[PDB]
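So the structure is just underneath, and the comments pick up after that.
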Amino acid sequence: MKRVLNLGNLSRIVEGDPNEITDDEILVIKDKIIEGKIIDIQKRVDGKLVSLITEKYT
Amino acid sequence: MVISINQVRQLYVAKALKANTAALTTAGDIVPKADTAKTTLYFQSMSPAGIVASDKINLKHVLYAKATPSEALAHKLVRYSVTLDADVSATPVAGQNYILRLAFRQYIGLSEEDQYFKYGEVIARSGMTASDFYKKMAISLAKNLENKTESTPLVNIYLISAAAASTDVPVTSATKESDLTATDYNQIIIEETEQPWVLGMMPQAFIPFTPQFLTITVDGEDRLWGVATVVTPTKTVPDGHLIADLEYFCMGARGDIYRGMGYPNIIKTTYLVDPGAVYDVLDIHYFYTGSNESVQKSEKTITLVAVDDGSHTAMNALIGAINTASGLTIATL
């Protein structure tokens with residue numbers, strides 16, 4: 001057990017508009033219908049804002 | 001209800017129209033009197049204490065004469081419509097304090113520097129549909145507004161089911177969620193109130209309000225969660241109290257101006273306006289000029305009030321008789 005990233009790279013975990021998320025920062029999309037849950041973690045790669053969570057099916 | 005006068009204003013009530021002065025029996029009977037020519041106009045008004053008569057109007061010196069339809073004096077209660085802002089979100093976001101701020105102007109004072117604020121609070125939960133939010137928001141408003149120990153009644157809260165869309169359902173501090181059972185509550189209505197009124201003491205007045213919203217944190221930014229719309233009202237004040245306070249004031253130009261001040265040592269004045277009815281108003285303006293050096297005018301206003309049956313029947317009868325006896329052409333209602 002140890003920390004996952006230096007706090008410098010964790011201070012750039014933000015909550016905002018997908019259109020203003022550049023690199024050197026990760027995006028979190030909070031859920032509305034559910035209070036504490038999250039919807040997706042996102043990271044831009046080539047202008048597109050892709051997810052870091054692998055899709056899981058039945 | 002003190003008003004401004006162009007050197008004077010007098011009031012006479014027309015509870016019934018007569019043909020001659022030999023028929024003035026009841027304490028509201030009136031009749032217009034004028035010469036066989038058209039040189040002077042005056043009214044024989046039956047008072048509760050005998051016949052009287054207005055000042056004499058020189059028809060060469062009549063400035064303006066016009067009636068009102070009794071609906072130009074009704075005050076429509078300012079109605080609002082609160083709603084969730086679809087742009088932000090068409091539903092509440094769990095974990096956010098959906099506060100509402102009712103800003104009141106013309107609180108106890110009479111200026112607008114005299115302000116007063118009343119709040120509502122709804123902390124949203126997961127799965128809180130919109131109807132439940134409006135319900136809980138309306139109730140929080142009622143509770144915070146009408147605490148049994150809150151002197152002035154400020155606003156009336158309402159709710160509208162999307163099924164009806166017209167029949168607003170009330171929400172009092174005695175109301176309970178159990179009483180509000182529907183699930184398609186579309187919006188929250190807020191409306192003015194007829195403040196208390198006392199003849200000669202407490203004039204007809206209202207407290208203006210505007211629903212102001214507080215910020216919530218939607219996806220990343222602080223944004224207002226609602227919409228304060230000014231919808232067309234559906235309720236009026238029937239003008240009865242304005243005329244009563246008008247008579248109260250305009251009968252001091254014709255009598256006791258103290259109206260109760262030195263209490264045991266007063267005169268008792270009777271009033272013929274029924275506050276609770278609705279009146280249509282006739283108003284005449286004119287002036288008096290003197291001779292060689294006394295050319296200065298003294299403008300005057302003689303005011304009449306009749307009862308509006310909805311068709312302006314009585315006031316039309318007055319205007320007919322006045323025009324027949326004076327040659328004027330006061331336009332009917």
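So the sequences go chain by chain: j and b.
Okay, so the first sequence: first residue is 1 according to the entry's author numbering, each after it adds one.
Okay, so the second sequence: first residue is 1 according to the entry's author numbering, each after it adds one.
We put the CB at the ideal spot given by N, CA and C, even for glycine.
Proximity winner among the options, relative to residue i (alpha-carbon distances)
i	options	result
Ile189 (chain b)	b:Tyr288, b:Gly95, b:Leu77	b:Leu77
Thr329 (chain b)	b:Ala244, b:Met261, b:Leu282	b:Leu282
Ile34 (chain j)	b:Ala165, b:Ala53, b:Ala86, b:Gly95	b:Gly95
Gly220 (chain b)	j:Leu27, j:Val50, j:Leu49, j:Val45	j:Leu27
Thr22 (chain j)	j:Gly47, j:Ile53, j:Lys32	j:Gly47
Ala321 (chain b)	b:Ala74, b:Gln44, b:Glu177, b:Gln195	b:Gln44
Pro153 (chain b)	b:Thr129, b:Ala182, b:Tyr185, b:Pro196	b:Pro196
residue 338 (chain b)	b:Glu71, b:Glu146, b:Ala205	Residue 338 (chain b) cannot be examined here, being either before or after the span of chain b that is shown, 1 to 333.
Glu15 (chain j)	j:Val50, j:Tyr57, j:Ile38	j:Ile38
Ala253 (chain b)	b:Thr175, b:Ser54, b:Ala19, b:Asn97	b:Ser54
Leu49 (chain j)	j:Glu25, j:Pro18, j:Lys2	j:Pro18
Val169 (chain b)	b:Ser140, b:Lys135, b:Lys148	b:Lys135
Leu102 (chain b)	b:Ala86, b:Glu299, b:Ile123, b:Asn144	b:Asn144
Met1 (chain b)	b:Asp179, b:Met128, b:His241, b:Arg223	b:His241
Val93 (chain b)	b:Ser126, b:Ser298, b:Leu100	b:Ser126
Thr217 (chain b)	j:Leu10, j:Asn9, j:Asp40, j:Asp31	j:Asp31
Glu71 (chain b)	b:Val278, b:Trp225, b:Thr303	b:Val278
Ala182 (chain b)	b:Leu214, b:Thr129, b:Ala228	b:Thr129
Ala165 (chain b)	b:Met201, b:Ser81, b:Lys38	b:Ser81
residue 360 (chain b)	b:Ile51, b:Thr215, b:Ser161	Here chain b covers residues 1 to 333 and nothing more, so residue 360 (chain b) does not appear.
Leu180 (chain b)	b:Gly200, b:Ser131, b:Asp222, b:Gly226	b:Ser131
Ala86 (chain b)	b:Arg223, b:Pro211, b:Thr210	b:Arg223
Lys235 (chain b)	b:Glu191, b:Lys38, b:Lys56, b:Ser291	b:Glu191
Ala174 (chain b)	b:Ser140, b:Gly276, b:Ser291	b:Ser140
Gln7 (chain b)	b:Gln296, b:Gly276, b:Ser161	b:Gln296
Whole-angstrom distance between residue j and residue i, CA atom to CA atom
i	j	result
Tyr248 (chain b)	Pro203 (chain b)	11 Å
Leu246 (chain b)	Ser151 (chain b)	27 Å
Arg44 (chain j)	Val4 (chain j)	19 Å
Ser4 (chain b)	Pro208 (chain b)	24 Å
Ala142 (chain b)	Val230 (chain b)	20 Å
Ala90 (chain b)	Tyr57 (chain j)	29 Å
residue 336 (chain b)	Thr324 (chain b)	Past the boundaries of the shown model lies residue 336 (chain b); chain b is included only from 1 to 333, so the question cannot be answered.
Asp35 (chain b)	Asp309 (chain b)	31 Å
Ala124 (chain b)	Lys148 (chain b)	27 Å
residue 339 (chain b)	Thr269 (chain b)	No statement about residue 339 (chain b) is possible, as the shown extent of chain b runs from 1 to 333 and does not include it.
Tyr185 (chain b)	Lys15 (chain b)	48 Å
residue 337 (chain b)	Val122 (chain b)	Only positions 1 to 333 of chain b appear in this structure, which leaves residue 337 (chain b) out of reach.
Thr167 (chain b)	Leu159 (chain b)	9 Å
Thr26 (chain b)	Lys18 (chain b)	10 Å
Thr193 (chain b)	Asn156 (chain b)	7 Å
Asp256 (chain b)	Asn265 (chain b)	12 Å
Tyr98 (chain b)	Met251 (chain b)	53 Å
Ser111 (chain b)	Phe213 (chain b)	24 Å
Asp274 (chain b)	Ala37 (chain b)	36 Å
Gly36 (chain j)	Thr215 (chain b)	20 Å
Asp280 (chain b)	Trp225 (chain b)	45 Å
Anticipated Cβ contact below 8 Å, residue i with residue j, distance rounded
i	j	result
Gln187 (chain b)	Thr21 (chain b)	At roughly 60 Å, the Cβ-Cβ gap does not stay under 8 Å, so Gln187 (chain b) and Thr21 (chain b) are not in contact.
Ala138 (chain b)	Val171 (chain b)	4 Å
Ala67 (chain b)	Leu272 (chain b)	Their Cβ separation, rounded to whole angstroms, is 19 Å, which puts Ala67 (chain b) and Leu272 (chain b) out of contact at 8 Å.
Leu59 (chain b)	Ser326 (chain b)	6 Å
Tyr119 (chain b)	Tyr107 (chain b)	No, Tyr119 (chain b) and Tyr107 (chain b) are not in contact; Cβ-Cβ is about 15 Å, not under 8 Å.
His61 (chain b)	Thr289 (chain b)	7 Å
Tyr64 (chain b)	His312 (chain b)	Between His312 (chain b) and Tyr64 (chain b) the Cβ distance is about 19 Å, and since that is not below 8 Å, they are no contact.
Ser298 (chain b)	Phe287 (chain b)	6 Å
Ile243 (chain b)	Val305 (chain b)	5 Å
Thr303 (chain b)	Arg79 (chain b)	Wrong, their Cβ atoms sit about 32 Å apart, outside the cutoff.
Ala317 (chain b)	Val307 (chain b)	Not a contact, Cβ separation roughly 11 Å.
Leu24 (chain b)	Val13 (chain b)	The Cβ separation is near 13 Å, so there is no contact.
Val237 (chain b)	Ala74 (chain b)	6 Å
Amino acids of chain j, ordered along the chain, whose beta-carbon sits closer than 8 Å to that of residue i
i	result
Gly95 (chain b)	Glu35, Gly36
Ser126 (chain b)	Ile33, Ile34, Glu35
Contacts that residue i makes with chain b (C-beta to C-beta distance below 9 Å)
i	result
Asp17 (chain j)	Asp219, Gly220, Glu221
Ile29 (chain j)	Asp219
Partner residues on chain b for residue i, Cβ-Cβ distance less than 7 Å
i	result
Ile41 (chain j)	In chain order: nothing, as chain b lies at least about 14 Å away.
Beta-carbon neighbours of residue i, restricted to chain j and to distances below 9 Å
i	result
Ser89 (chain b)	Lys32
What are the uninterrupted segments assigned as beta strand (DSSP E) that are 3 or more residues long and contained completely in the region 245 to 301 of chain b, given in chain order?
Counting only runs of 3 or more, we get 279 to 289.
Would you list, in sequence order, the uninterrupted alpha helix (DSSP H) runs of no fewer than 4 residues that lie entirely inside the region 114 to 139 of chain b?
You should have found no qualifying run.
Length-filtered (3 minimum) beta strand (DSSP E) runs lying within the region 173 to 232 of chain b:
Taken in chain order, the whole beta strand (DSSP E) runs of length 3 or more contained in the region 173 to 232 of chain b are 185 to 191, 209 to 213, 215 to 218, 221 to 224, 226 to 231.
Pick out the complete beta strand (DSSP E) segments inside the region 65 to 111 of chain b, 3 residues or longer, and give them in chain order.
Whole beta strand (DSSP E) segments, 3+ residues: 79 to 84, 100 to 105.
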